[PDB]
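**Student:** Submitted below is the structure of interest, expressed as structure tokens.
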Amino acid sequence: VXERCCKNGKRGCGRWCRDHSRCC
């Protein structure tokens with residue numbers, strides 16, 4: 001888990017990515 005942010009880039013940045021993703 002944690003791929004959506006860096007994978008979607010502009011589409012991955014969000015509250016979930018903010019907590020589960022390193023980028024954004």
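Each chain of the structure tokens is named A, B, ... in the order shown, its residues numbered from 1; ligands are numbered from 1 in display order.
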With a distance cut-off of 8 Å and only C-alpha atoms, select the neighbouring residues of range 16-24 of chain A, excluding the residue or stretch itself and same-chain residues fewer than 5 positions from it, and output the selection as a ChimeraX atom specification.

**Tutor:** /A:1-6

**Student:** Write the residues of the selection above to a file with C-alpha atoms, as a short mmCIF file (atom, residue, chain, number, x, y, z; two decimals), in the first residue's frame.

**Tutor:**
```
data_model
loop_
_atom_site.label_atom_id
_atom_site.label_comp_id
_atom_site.auth_asym_id
_atom_site.auth_seq_id
_atom_site.Cartn_x
_atom_site.Cartn_y
_atom_site.Cartn_z
CA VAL A 1 0.00 0.00 0.00
CA UNK A 2 1.17 3.62 -0.49
CA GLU A 3 1.55 3.52 -4.31
CA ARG A 4 -1.52 5.62 -5.32
CA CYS A 5 0.15 8.94 -4.36
CA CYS A 6 3.50 8.70 -6.23
#
```

**Student:** As a list in words, please: every residue in chain A that DSSP puts in helix (DSSP H, G or I).

**Tutor:**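 In chain A, DSSP puts these residues in helix (DSSP H, G or I): residues 3, 4, 5, 6, 7, 8, 9, 10, 11, 15, 16, 17, 18, 19 and 20 of chain A.
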